[PDB]
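Everything below concerns the one structure shown next.
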Amino acid sequence: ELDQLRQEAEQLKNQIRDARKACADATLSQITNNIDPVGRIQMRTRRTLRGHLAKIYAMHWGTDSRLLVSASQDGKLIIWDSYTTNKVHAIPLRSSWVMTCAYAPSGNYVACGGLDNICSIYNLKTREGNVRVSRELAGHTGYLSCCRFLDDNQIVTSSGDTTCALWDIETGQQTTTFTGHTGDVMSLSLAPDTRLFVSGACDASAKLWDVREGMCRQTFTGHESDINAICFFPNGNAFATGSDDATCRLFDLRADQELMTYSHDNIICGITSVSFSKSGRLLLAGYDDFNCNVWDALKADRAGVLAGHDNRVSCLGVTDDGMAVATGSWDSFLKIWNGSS
Amino acid sequence: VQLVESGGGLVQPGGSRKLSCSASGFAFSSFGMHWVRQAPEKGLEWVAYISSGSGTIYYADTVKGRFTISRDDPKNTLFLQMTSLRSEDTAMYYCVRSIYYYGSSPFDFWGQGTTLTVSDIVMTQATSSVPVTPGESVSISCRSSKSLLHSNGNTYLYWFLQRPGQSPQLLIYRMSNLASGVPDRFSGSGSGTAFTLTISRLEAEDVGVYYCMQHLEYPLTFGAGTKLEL
Amino acid sequence: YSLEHXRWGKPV
Amino acid sequence: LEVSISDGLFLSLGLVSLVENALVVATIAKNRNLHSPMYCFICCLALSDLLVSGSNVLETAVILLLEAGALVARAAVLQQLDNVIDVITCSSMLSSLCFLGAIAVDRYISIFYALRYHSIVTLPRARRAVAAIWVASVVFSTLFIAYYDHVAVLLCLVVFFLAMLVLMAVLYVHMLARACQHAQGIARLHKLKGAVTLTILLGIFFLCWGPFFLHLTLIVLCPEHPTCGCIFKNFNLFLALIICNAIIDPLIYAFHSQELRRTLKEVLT
Amino acid sequence: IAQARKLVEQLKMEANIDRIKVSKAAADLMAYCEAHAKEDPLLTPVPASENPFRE
Amino acid sequence: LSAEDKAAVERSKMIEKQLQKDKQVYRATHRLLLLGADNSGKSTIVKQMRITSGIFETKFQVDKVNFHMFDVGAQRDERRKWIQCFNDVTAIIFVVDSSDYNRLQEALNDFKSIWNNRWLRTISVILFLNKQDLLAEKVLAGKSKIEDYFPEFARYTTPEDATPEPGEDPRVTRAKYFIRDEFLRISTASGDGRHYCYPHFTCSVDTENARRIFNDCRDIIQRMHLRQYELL
Ligand SMILES: [Ca+2]
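So the protein sequences, as listed, match chains B, S, F, R, G and A. Per the authors' numbering: the first sequence = residues 3 to 343. Per the authors' numbering: the second sequence = residues 2 to 120, 137 to 247. Per the authors' numbering: the third sequence = residues 2 to 13. Per the authors' numbering: the fourth sequence = residues 36 to 226, 237 to 314. Per the authors' numbering: the fifth sequence = residues 9 to 63. Per the authors' numbering: the sixth sequence = residues 12 to 62, 204 to 253, 264 to 394.
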């Protein structure tokens, strides 16, 4: 009967907690207590991109690290050349309320979706020269919150329907549905190997999914509110998570638990987006407060702040070359930052 | 994609003729458009350019006072109103689309051409012809009087192949970058001042005249072309 | 000559 | 009666004012939510108040240097210096007074054409109106300072002030009629501040600008009556009140904005 | 009920997964940071001549 | 700049021209969020105004003012994340099935949830107490009565400024304005006056509802600008 299963659930949760406490021999704060402080990272807005018309909800970098997709409530995707600030493409969306976009590792495609509960795959490199919808992925039964390409033909796609799905773009069908979540899946990050991904949800949990085996490899539950944001550490064996509670937390896959919690009492508002730098040494977190703070990911102290935005910083991204962090906000502007010594 | 040029035939010297080109199946308004002409035995020569939205218009000095290029985007039709035509304007005139954004391949599609009979950086291709065999790993040299490596890092040498009964076709846009449709049997390399196309295994579809072209600055000159003879 | 603050500060 | 406004007071008020209005302009420049026709007109008002305060400052500095003799200069070069600083002052007055009207008109359209507001008022049209105001205002202020001995100039100034008065009156009292109608609807659903706000807007308007145009009216209509002589002796009080406009209008129009105040905090940090 | 049997099986899986100690995890992240520090332009700002956004 | 950079900046300028045109479209368009449970008949309101997809954009126009009304639907039963998008809509329209008393309580709690939400603290709610005909019919039949569900309807008696329709019975007036007052108590409770609730009684036979929403948005924007001007 049900009571036996609910009890064995409690027992197995206790077993998991005991194994984690057994592994918790030392904190990251202790092991990194003697590593050098990174010091103040006075990043500067090298470019402001001014073309969007409403609240920007998402951006994603190309692997080329200069092209930059950006989605806004206006129902546009703009492809930006970050270097020149040029608008490479402006894509009229079939729905205004886009909430995620992705740029394919090839840059042949950009994905976006939102309250349409549909991801439109847009072919950037048509012979007809206009950008057009390559596929219109449907099967999600709720809003579409994040998507990331694995390949020109595969996209992983989280939804408020509490599921993530892997899609075969050439056939428009879900090749795997990930269904252990119990709340709106808000955030999604592919491992650099693309064989694993983490997805964070409003059940305050992050889950690690095997893309091809199809099952929850393990589950992370340290947060107190909705995990708005998630990002793998570039080693691919830890990931950061940003919540409605003002903390972000770094979970190690192999230690199966929080290494570190990034929080400061001056910060009382939700984290909106999270990205690591190429070394993983910086964790960059966007906030409801219009700042995005830079954290020492090892020591957990506020190495800096990017303060130029006039509204909620909705999305962060570091280039794959690491040369810059882009930052979109609800003020419709998209700022690219680096220091220059 | 089907650029189809119309007009042409004979004219008397001093005459006037309006060439046109219907764009058919592509987003014509978003492309810049070029006219390029080929004299009956000679290499390509850029004629005119009109941007998307007609903002930029540029001409070669051989036509600058004489030809006017215009476009009707609602009709998806390009025009070249020629005036004061002269014997040196006798050519096949190719309409050539171009699109300019990071990573774009301009000059990627060429129309069938219309023949008209009237009754700068220098690109040097010192090989007027090379005799070649199937499977041979032939290379085509090109040289420039100005370094085509711009401070933005691009090296603006394009390579075109005109097969004996066809329009030109883009092979390489920046000196490294192969066009989206073309065999990787082709490759390009260069120093900004001197350049090679390479064809690691020839086949009969590679027979033709190979034109290098600079897109560093207008007037956008082509080379004399290297013929490959099988 | 006199230079005064503003203008029209005194009649005629 | 004579309120003997010192040159030190013109310097103090004009410096304070150009400081404050420059803060207003920096705060609008830095915050792109304030790149909107409302705050465009508020920025142009702050610029006109900056230019008027700075022109009074520059004129006060020149006259202090002449009173000290730290500058010695011929009559002609000082007459033309006076002409130039007076043109900057008069143009920035006419422009400030126009931008007070333009803010009133923008606010009025934002209420009574609320749904069509962003069709009727746009940054294109805002920048056109701003340019026409400054350009027309340099035209007019040059004509006024060239023909300053002609009473038609003083009457044009007074009549312009009165047209702005009857305008802003019609306007803000219609906005207050609709405010009362809203207050009634609120009262009906739910089961004074507008009057206070109009008393501050139109009172600081009339009580700071109006002394100067009353002065011009008496210079035309009453050049020689001793009570008009008493008013003429207070002309420095009247310019210092116009600088009190340049002080208070930031407070009335700009720093009522919460997003401006937030940007002002980050500009001052 | 099938959903609770699935939840039990999933917790059984999470229980059975192998884990390394947090000290080794922390050491591996710190080592990755140290081994990639100079390769990170946001951590260690590249010269202004070298920066892709200046000069 | 290279010739290709010159052409790419030309392209960016041309896209900026198009984005400026869309800025004209987008600021002339007023966005509305059409909330309400499945009983509310909000789909009938959509249909009568127009004469697995997660959102439906109902475009309509009154006196040359364009309105886009987003009937969000096929979403999951937690709204608390996607309502963050509709910050900076001109209004939320919240259709209530006035007839469905047992679901009227969850409609009230859902109204409280919208009104109190930190992201909606400034977004006015146009209540459409729909199916007012079915409500009239139910009350005139008398088989089950508000008193079975809300005993305060003994204490409550008609407002002194209620304005019944000429054929409207006073007990229908009592039910109408009690439901209204129930919502207004929440609104007048938590509202700082940043945002207000505009209840309108309506039925399927209303052609007027476009005019209603036009007037309500006009009042919302007027109150908003007057609050900004400290005139209200
Ligand atoms: Ca003077």
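From the three backbone atoms N, C-alpha and C, an ideal C-beta is built for every residue, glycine too.
Please determine whether the Cβ atom of residue i lies at a distance below 6 Å from any heavy atom of ligand 1.
i, result
"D312 (chain B)", "no"
"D121 (chain R)", "yes"
"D184 (chain R)", "no"
"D42 (chain R)", "no"
"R109 (chain R)", "no"
"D294 (chain R)", "no"
"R8 (chain F)", "yes"
"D303 (chain B)", "no"
"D83 (chain B)", "no"
"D117 (chain R)", "yes"
How long is the line joining the alpha carbons of residue i and residue j, rounded to whole angstroms?
i, j, result
"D303 (chain B)", "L252 (chain B)", "13 Å"
"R8 (chain B)", "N24 (chain G)", "19 Å"
"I348 (chain A)", "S130 (chain R)", "48 Å"
"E304 (chain R)", "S39 (chain R)", "40 Å"
"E269 (chain R)", "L116 (chain R)", "29 Å"
"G15 (chain S)", "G242 (chain S)", "30 Å"
"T242 (chain A)", "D74 (chain S)", "38 Å"
"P107 (chain S)", "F80 (chain S)", "19 Å"
"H225 (chain R)", "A214 (chain R)", "16 Å"
"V87 (chain R)", "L113 (chain R)", "19 Å"
"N77 (chain S)", "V2 (chain S)", "12 Å"
"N281 (chain R)", "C253 (chain R)", "12 Å"
"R228 (chain A)", "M101 (chain B)", "16 Å"
"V173 (chain R)", "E63 (chain G)", "41 Å"
"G10 (chain S)", "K19 (chain S)", "11 Å"
"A24 (chain B)", "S275 (chain B)", "32 Å"
"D154 (chain B)", "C96 (chain S)", "33 Å"
"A39 (chain G)", "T221 (chain B)", "25 Å"
Tell me, to the nearest whole angstrom, how far the beta carbon of residue i is from that of residue j; I am working on the premise that it is less than 8 Å.
i, j, result
"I37 (chain B)", "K337 (chain B)", "So it is not a contact: roughly 30 Å between Cβ atoms."
"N295 (chain B)", "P49 (chain G)", "No, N295 (chain B) and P49 (chain G) are not in contact; Cβ-Cβ is about 19 Å, not under 8 Å."
"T184 (chain B)", "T164 (chain B)", "6 Å"
"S201 (chain B)", "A208 (chain B)", "7 Å"
"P72 (chain R)", "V140 (chain R)", "The pair is not a contact, with the Cβ atoms about 10 Å apart (cut-off 8 Å)."
"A39 (chain A)", "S154 (chain R)", "5 Å"
"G162 (chain B)", "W277 (chain A)", "Wrong, their Cβ atoms sit about 22 Å apart, outside the cutoff."
"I249 (chain R)", "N290 (chain R)", "7 Å"
"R380 (chain A)", "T364 (chain A)", "18 Å between Cβ atoms; not a contact."
Give me the residue from the options with the minimum Cα distance to residue i.
i, options, result
"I308 (chain A)", "A:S250, A:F212 and A:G52", "A:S250"
"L45 (chain S)", "S:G114, S:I157, S:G198 and S:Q13", "S:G114"
"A305 (chain B)", "G:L51, G:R62 and G:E58", "G:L51"
"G324 (chain B)", "B:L55, B:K23, B:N35 and B:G64", "B:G64"
"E330 (chain A)", "A:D354, A:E299 and A:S306", "A:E299"
"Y2 (chain F)", "R:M128, R:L46, R:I138 and R:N118", "R:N118"
"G8 (chain S)", "S:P151, S:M83, S:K65 and S:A49", "S:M83"
"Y228 (chain S)", "S:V5, S:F212 and S:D90", "S:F212"
"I28 (chain G)", "B:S334, B:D258, B:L286 and B:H311", "B:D258"
"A231 (chain B)", "B:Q176, B:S191 and B:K89", "B:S191"
"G182 (chain B)", "B:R49, B:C204, B:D333 and B:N125", "B:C204"
On the criterion of 16 or more Cβ atoms from any shown chain inside 10 Å, does residue i qualify as buried, or is it exposed?
i, result
"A81 (chain R)", "buried"
"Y173 (chain S)", "buried"
"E22 (chain G)", "buried"
"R385 (chain A)", "buried"
"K338 (chain A)", "buried"
"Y311 (chain A)", "exposed"
"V247 (chain A)", "buried"
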